[PDB]
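Residue numbers (the deposited numbering), protein chains in the order written: chain A, 17 to 370; chain B, 17 to 370; chain C, 17 to 370; chain D, 17 to 370. No residue lacks a Cβ here, since even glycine has one placed at the ideal position from N, Cα and C. Structure first, commentary second.
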Ligand SMILES: C[C@@H]1O[C@H](O)[C@@H](O)[C@H](O)[C@@H]1O
Ligand SMILES: C[C@@H]1O[C@H](O)[C@@H](O)[C@H](O)[C@@H]1O
Ligand SMILES: C[C@@H]1O[C@H](O)[C@@H](O)[C@H](O)[C@@H]1O
Ligand SMILES: C[C@@H]1O[C@H](O)[C@@H](O)[C@H](O)[C@@H]1O
Ligand SMILES: C[C@@H]1O[C@H](O)[C@@H](O)[C@H](O)[C@@H]1O
Ligand SMILES: C[C@@H]1O[C@H](O)[C@@H](O)[C@H](O)[C@@H]1O
Ligand SMILES: C[C@@H]1O[C@H](O)[C@@H](O)[C@H](O)[C@@H]1O
Ligand SMILES: C[C@@H]1O[C@H](O)[C@@H](O)[C@H](O)[C@@H]1O
Ligand SMILES: C[C@@H]1O[C@H](O)[C@@H](O)[C@H](O)[C@@H]1O
Ligand SMILES: C[C@@H]1O[C@H](O)[C@@H](O)[C@H](O)[C@@H]1O
Ligand SMILES: C[C@@H]1O[C@H](O)[C@@H](O)[C@H](O)[C@@H]1O
Ligand SMILES: C[C@@H]1O[C@H](O)[C@@H](O)[C@H](O)[C@@H]1O
Ligand SMILES: C[C@@H]1O[C@H](O)[C@@H](O)[C@H](O)[C@@H]1O
Ligand SMILES: C[C@@H]1O[C@H](O)[C@@H](O)[C@H](O)[C@@H]1O
Ligand SMILES: C[C@@H]1O[C@H](O)[C@@H](O)[C@H](O)[C@@H]1O
Ligand SMILES: C[C@@H]1O[C@H](O)[C@@H](O)[C@H](O)[C@@H]1O
């Protein structure tokens, strides 16, 4: 791989409804967003079937749950502007249809929920800078004007809350290194300058919080192995050294915190199967990668069910959506084999950043 | 103290709104529930002022946020039945007024949110057994019939979710020991038998989860010191030995998990001031109790703001509500002094269990 | 029990030879010290048989290994002075016989090894103060003059090295509380003032270091349960609160660090059997006490074999020495039943402190 | 670098005497071993001056302390056989002079102390296999015959005790991967088969134990960065994945456990200065490398003083020995600058393995 490569992304975005039922969003061969949902919040539940949102889109959809429980989806439109669509009530399959937020978008959208209940969207703009827009009141369809945070982005952005409620945003920069920028006060439009975390990355950054509040960032490195870095203090400026883990991965990673508070990472491996690694103890060393049977055609997307069981979604070689899950709510649970969520085929609508 | 004593409880119940603004509920000298809320989700925010719900009540109110963000309050009425009252929309100060759930109640109500989004209420019934009633659909005003879980209760119940979504309920039994009972499958009406955790307790039990998922229970013991016990496995049957901490406390304890994932406990101390202890490291040893200036007349009620800062509410000697909070989002932050939330005086409406 | 009680002590002192074979020292009905040793450094080894040191003694013997591997035993003599006896070469059953160190002794002797290789002995003196004497060169029979550290002692002293090489000494004071005093520079005659750790204790203090260097002190409390306190900083002045563990114990405790770095405590329980508790995780909560079959007549003395297996020694109801041990080098190993080390009967020669 | 490279080694071997004074052994321009020692066991002590052992040697010397406190040095002689030399009494500068152990040696010698007090020496033999020889009684000049453990070695061996007393030996194999072999019972001549840990290494392996007993192995990898792997169970067959740390190193690493139980690693960095990294928490993430002023010409050799302070030895550009140390017994202590231990110049006598 080259230093400027961006690893294969996940094929769907997933969210938990207010009642924790999983719901997935993807783009089909008609270039429309389709979605499907569990009928009950357990991994062995039946799924409702694929339902279409009318409208042609030009990016991967991003989904987040509002602070009042309503799902809301963000996508780039045929006019290269930002559009969004929301449930009109929590746990209800009635949606608003696509509404305009304007702007000029050159990446997939990334959504965060501020700790005061307001959604905030981050995108690469037409000048390759980071731009953002936010709800001006919690869970309300009232949005700010577009505002620039500067920088030069060469990946999609990834945002996450710090334990103290400050949003922090990660993105690859013009030098192919990981850069970040952060709110200096919780849920306020007051931001730091851009700072580099060094090290080249060859995937979008993936961010998760560990139980003790500190952010941990995962990405594929220049040698195509997983690497990670973590906060070591109580602010956004104190980080560990980068560490890599042996094993060539061929997609973006996906990280999740399991029931016991330990981190797990899933990625497509060098043999194009799903690979999994987990922390063996608190902050502990990482296990050897374990492989699941079956060739996959996307990065994994990982979610948790209402009983804590982890569930993984991938594109199959038939271009359909497949999933598998843990049989029990336990870190050492066995796993099912891949099962089909049939009815449509999916395309990778990710914005080509070049 | 005697083995059957129940320590002084907190004077208000508190919840975070959908936008994380704190809102407090207490009973005034007119025997009505009054509430007050932050106007913005920060501890130094102004408060809106005390507002009355019409209706005479006969217990401490219990409050929980629905899975769609709406607060809902539960109380015993003048007919000794259960009544409830809800926000009609998230973050909105429009309420339904008191509606009947019937039953015959002989304790304060305790509310939990199942991991499938349904509220569930636990009470001691007219036969001194544990009874419960639940929403039959998430965040919907449709409730089950009353059902008995048996047992003999001599305290109020305390409920908490396990990491795998199973509700577990704790209560003092006829022998003054701590007993518990639990769902054997997440958010399902399938329950274990009652089991004893031994050790006498002289307060209601207080339950919190630690970062690695395991429940930890705090209570005052027969010698009036704080004691605690924790789960050591991945089920509800494997517990540690009881440990006590030196220092006589004169109220129920209140526990909170701070920004760094460590536990903190607040209680009224032997000198009738607020005392605080915290874990010095992960699962680590506990600090000596630290005292805050000022005599208090209730147990503390503890909450967290949108930026992680801890805030504590108590009854003052003037019978009004006072609070103090951390100045910064840091475990070693200094604290403010007591400030008044003036406008009404409060009474302890806790059901007398004798 | 009364506040000034001192719990039953162990009946033998034990040490590892230079080759890690265990060797035990006790006092028989002739008031002489006898010793016995493993013939190979494994718990299932045969023992050599009981051998007598000529000389009448008036205290429990204390044993320590010199920095050149030679065992050295300290005891009070019929003249109430301190006497000692050493192996003339490591792993050799040739001894010097008793030699005088003079002084006037009113407790059992306690021995430490400084981190510069010099033995140092701590005793209560004729004025009830703490006195000490030391080797002036490592592993050499050249000793200092007696020197007082002041204080008023009502238990035997317990000494231990801090991680930075400073000796710290613990003893019960005139108010029945635990007091301590420490070197302010490693292996130097420069000492702090006495400071109180508060809390009454009803046994000698027992001190051990945890893997991260910090000292942890165990003792029986006024209510006859085990209590413990630990250092929380990098100095001798920062300590946690006291914690107790449920369960009445009827002897001094004995603490050991197992193969996995966790602490274990053994004591005679309320039913006069051997009880064991262990930390379930790093610094973690403590297990319920587990009981071994068999009534015992002393506190346990606990040692570790060359392969890490824990071995426990007690006085039986026949007044002989019995032991049991772990079957495998594993924290969850099963244990053998009590086996006799026959040939003599033993008496408790502990100095009566009253 | 190439896959078969072996990084620059340390220029001296170091040991603590029975009284913990440091003593260093190196080879001078006369091809003889010289040694020097602290006069007192503190890093700011004066050193005695360089003293010569008569005899020409052809490897780096290895030193270990016997279980009776006497230092013993092992070296290859002009006849390519193993020779050794010992203190005739602990903490005494009287030595036996070189005595033969015969054999045919093609690596530097590696020494371990079994948990039953017997030294054991590991070498690559004339057939490139691992060979060993041992004391047949603790701290006695009585040795076994030479015995082969097979394998094919392309680095020097590194040996360490497991927590249960089993020796485990690590060495690079014919495929440039790290291999290991272990005793299956403590201090017994019963050994496993060779097993591969995979991953290429470009330095000798460096092994240390962490506080919870588990071995951790450090080495330079094929991309010239530090990598490490650790045991995750209670046996020698369960290991983590390999992890690397960013930063090019140009020598073998040296690892030490600090006063607080955390690991630290020192190595010559890409700019030929001394670099240091440490674990920021238990098992925690690793700090960015920190650099010390001054160009160095060997790997570091790291030791601990009697008060816990870390001290580092290196070859300077003047071909003399320099050292620096911590100013206080604290993990965050500042460090001195390089100071000269003058009197001889040193050569790297490491056996050329090619
Ligand atoms: C998502 C939106 O759907 C509509 O049908 C289109 O007209 C807009 O351009 C946009 O693509
Ligand atoms: C998101 C922002 O929207 C605006 O319309 C553009 O002018 C900016 O370049 C950026 O794309
Ligand atoms: C995000 C950062 O913004 C800056 O403008 C650039 O100089 C860096 O290379 C990076 O692109
Ligand atoms: C991930 C899925 O695994 C299955 O074995 C295949 O049959 C599907 O095509 C898909 O690749
Ligand atoms: C809370 C309810 O308020 C009403 O006013 C009363 O009539 C009911 O009995 C009940 O107390
Ligand atoms: C809560 C339950 O409501 C019912 O009406 C009563 O009959 C039961 O005893 C119990 O009080
Ligand atoms: C809750 C428990 O229920 C049982 O019926 C009683 O026997 C116990 O004492 C306790 O009250
Ligand atoms: C808790 C409050 O502290 C203050 O100092 C007092 O003035 C109030 O009456 C109340 O006791
Ligand atoms: C231990 C010593 O043994 C000797 O036999 C006695 O004479 C001394 O008084 C002392 O008791
Ligand atoms: C150990 C000391 O020895 C001396 O001889 C006595 O005078 C002191 O009181 C103390 O007993
Ligand atoms: C050891 C301490 O020494 C002091 O003299 C006493 O005042 C304390 O009570 C305690 O005995
Ligand atoms: C500890 C030993 O346990 C055995 O069962 C007894 O027979 C001995 O007398 C002794 O009490
Ligand atoms: C170390 C030994 O020193 C002696 O002088 C030599 O004769 C031997 O060959 C060997 O080198
Ligand atoms: C160490 C061993 O010594 C023996 O003499 C040789 O024959 C072997 O090959 C090996 O070198
Ligand atoms: C140490 C190991 O021994 C075996 O013989 C070899 O096959 C491996 O490559 C490695 O050298
Ligand atoms: C390590 C030492 O650092 C010093 O600055 C130099 O002067 C010496 O030559 C040597 O390189």
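Q) Does the beta-carbon of residue 60 of chain D have 16 or more other beta-carbons within 10 angstroms, so that it is buried, or is it exposed? A) By one-based count along the fourth chain, residue 60 of chain D stands at place 44. With fewer than 16 other Cβ atoms within 10 Å, it is exposed.
Q: Can you give me, in chain order, the residues of the region 113-137 of chain D that have a beta carbon less than 8 Å from any beta carbon in chain A?
A: none
(Q) Within 9 Å of any Cβ in chain B, is that where the Cβ of residue 259 of chain C sits? (A) Along the third chain, one-based indexing puts residue 259 of chain C at 243. Yes, because at least one Cβ of chain B sits closer than 9 Å to the Cβ of residue 259 of chain C.
(Q) Using beta carbons (cut-off 9 Å, strictly below), is residue 296 of chain A in contact with chain D? (A) Here residue 296 of chain A refers to the residue found at position 280 when the first chain is read from its first residue. At least one chain D Cβ lies under 9 Å of residue 296 of chain A.
Q) If you measure from the beta carbon of residue 189 of chain D to each beta carbon in chain A, is any gap under 9 Å? A) For the purposes of this step, residue 189 of chain D is identified with residue 173 of the fourth chain, where counting begins at 1. Judged by the 9 Å Cβ criterion, residue 189 of chain D is not in contact with chain A.
Q: Out of D:240, D:21, D:25, point me to the one whose CA is closest to residue 363 of chain D's CA.
A: Indexing the fourth chain from 1 puts residue 363 of chain D at position 347. Nearest option by C-alpha distance: D:25.
Q. Can you tell me the Cα-Cα spacing of residue 311 of chain C and residue 332 of chain C, whole angstroms?
A. Residue mapping note: residue 311 of chain C aligns to position 295 of the third chain, counting from 1. Residue mapping note: residue 332 of chain C aligns to position 316 of the third chain, counting from 1. So the alpha carbons of these two residues sit roughly 7 Å apart.
Q) Does DSSP classify residue 358 of chain C as helix, strand or coil? A) Within the third chain, residue 358 of chain C is the residue found at index 342, counting from 1. The answer is coil: DSSP assigns residue 358 of chain C none of H, G, I, E or B.
Q) With distances taken from CA atoms, which of A:97, A:172, A:76, A:131 is nearest residue 221 of chain A? A) Translated into the one-based positions of the first chain, residue 221 of chain A becomes position 205. Checking every option, the nearest Cα to that of residue 221 of chain A belongs to A:172.
Q) With contact counted as at least three CB pairs below 8 Å, one residue from each stretch, are the region 130-150 of chain B and the region 199-206 of chain B in contact? A) yes
**Q.** Of the residues B:97, B:104, B:99, B:95, the one placed nearest residue 33 of chain B, counting alpha carbons only
**A.** Within the second chain, residue 33 of chain B is the residue found at index 17, counting from 1. The residue with the shortest Cα to Cα distance from residue 33 of chain B is B:104.
Q. Near ligand 8, which residues have their beta-carbon less than 6 Å from any of its heavy atoms, given in chain order?
A. B:310, B:311, B:312, B:330, B:332, B:333, B:334, B:338, B:354
**Q.** Option in A:255, A:156, A:206, A:169 with minimal Cα separation from residue 83 of chain A
**A.** Translated into positions along the first chain, residue 83 of chain A becomes position 67. The residue with the shortest Cα to Cα distance from residue 83 of chain A is A:156.
Q: Scan the region 223-250 of chain C for residues whose Cβ lies nearer than 8 Å to a Cβ of chain D and list them as they occur along the chain.
A: 227, 228, 229, 250
Q: Go through its chain and collect everything with a Cβ distance to residue 164 of chain D's Cβ below 6 Å, but skip five positions before and after it.
A: For this step, residue 164 of chain D is matched to residue 148 along the fourth chain. 145, 147.
Q) With distances taken between CB atoms, is the gap from residue 91 of chain D to residue 99 of chain D smaller than 9 Å? A) Reading the fourth chain from its first residue, position 75 is the one you call residue 91 of chain D. Reading the fourth chain from its first residue, position 83 is the one you call residue 99 of chain D. Yes. Within cutoff.
Q: Mind checking who residue 293 of chain A pairs with in its DSSP beta bridge?
A: Counting from 1 along the first chain, the entry for residue 293 of chain A is found at position 277. In DSSP, residue 293 of chain A forms a bridge with A:281.
Q. DSSP three-state call for residue 155 of chain D: helix, strand or coil?
A. Here the question's residue 155 of chain D lines up with position 139 in the fourth chain. Reduced to three states, the DSSP call for residue 155 of chain D is coil.
Q | As assigned by DSSP and simplified to three states, the class of residue 128 of chain D | A | Residue numbering aside, residue 128 of chain D sits at position 112 when the fourth chain is read from its first letter. Residue state, collapsed to three classes: strand.
Q. Three or more C-beta pairs closer than 8 Å, one from the region 280-299 of chain A and one from the region 313-321 of chain A: is that the case here?
A. yes
(Q) Just to confirm my understanding: we take residue 318 of chain B, look at its own chain, exclude 5 residues before and 5 after, and list those with CB closer than 7 Å. What are they? (A) On the second chain, position 302 is the one that residue 318 of chain B refers to. Answer for residue 318 of chain B: 270, 272, 282, 326, 328, listed in chain order.
Q | Whole-angstrom distance between residue 51 of chain C and residue 93 of chain C, CA atom to CA atom | A | Working through the third chain from its first residue, we reach residue 93 of chain C at position 77. Working through the third chain from its first residue, we reach residue 51 of chain C at position 35. Each residue's Cα considered, the two are about 17 Å apart.
Q. So what does DSSP say about residue 370 of chain D, is it helix, strand or coil?
A. As a first step, residue 370 of chain D is located in the fourth chain; it is residue number 354 there, counting from the start. Of the three classes helix, strand and coil, the one that applies to residue 370 of chain D here is coil, per DSSP.
Q) Is the Cβ-Cβ distance between residue 181 of chain C and residue 160 of chain D less than 9 Å? A) Taking the first residue of the third chain as 1, we reach residue 181 of chain C at position 165. Taking the first residue of the fourth chain as 1, we reach residue 160 of chain D at position 144. Going by C-beta atoms, residue 181 of chain C is not nearer than 9 Å to residue 160 of chain D.
Q: Report, in whole angstroms, the separation of the C-beta atoms of residue 268 of chain B and residue 73 of chain B, which I expect to be a contact under 8 Å.
A: Indexing the second chain from 1 puts residue 268 of chain B at position 252. Indexing the second chain from 1 puts residue 73 of chain B at position 57. At roughly 20 Å, the Cβ-Cβ gap does not stay under 8 Å, so residue 268 of chain B and residue 73 of chain B are not in contact.
**Q.** Identified DSSP bridge partners for residue 329 of chain D
**A.** Locating residue 329 of chain D in the fourth chain gives position 313, where the first residue counts as 1. According to DSSP, residue 329 of chain D bridges with D:317, D:339.
Q: Could you list the residues in the region 196-211 of chain C with a C-beta less than 9 Å from some C-beta on chain D, going in chain order?
A: 201, 202, 203
Q. Can you tell which of D:358, D:370, D:367, D:368 has the C-alpha that lies nearest to the C-alpha of residue 62 of chain D?
A. Here residue 62 of chain D refers to the residue found at position 46 of the fourth chain. Taking only the C-alpha atoms, the option nearest residue 62 of chain D is D:358.
Q) Along chain C, which residues have their Cβ under 7 Å away from the Cβ of residue 36 of chain D? A) Here the question's residue 36 of chain D lines up with position 20 in the fourth chain. Within chain C, the residues near residue 36 of chain D are 131, 132, 133.
Q.
Cβ closer than 7 Å: which chain C residues qualify as neighbours of residue 324 of chain D?
A. Counting from 1 along the fourth chain, the entry for residue 324 of chain D is found at position 308. Chain C residues near residue 324 of chain D: 179, 180, 181.
Q) Listed in chain order, which residues are found with a beta carbon closer than 5 Å to a heavy atom of ligand 14? A) D:119, D:120, D:141, D:142, D:143, D:147, D:162
(Q) Pull the bridge partners of residue 163 of chain D from the DSSP assignment, please. (A) Here residue 163 of chain D refers to the residue found at position 147 when the fourth chain is read from its first residue. Note: residue 163 of chain D sits in a beta bridge opposite D:148.
Q: Just the C-alpha distance for residue 77 of chain C and residue 197 of chain C, rounded to the nearest angstrom, thanks.
A: As a first step, residue 77 of chain C is located in the third chain; it is residue number 61 there, counting from the start. As a first step, residue 197 of chain C is located in the third chain; it is residue number 181 there, counting from the start. Cα to Cα, residue 77 of chain C sits roughly 23 Å from residue 197 of chain C.
(Q) Applying the 10 Å Cβ sphere with the 16-neighbour rule, what's the burial state of residue 29 of chain A? (A) The residue you call residue 29 of chain A lines up with position 13 of the first chain. When all chains shown are included, residue 29 of chain A counts as buried.
Q: Please work out which residues of its chain come closer than 6 Å, Cβ to Cβ, to residue 338 of chain D, disregarding the five sequence neighbours upstream and downstream, and give them in chain order.
A: Sequence index remark: in the fourth chain, residue 338 of chain D carries index 322 (1-based). Excluding sequence neighbours, residue 338 of chain D sits near 330, 332, 354, 356.
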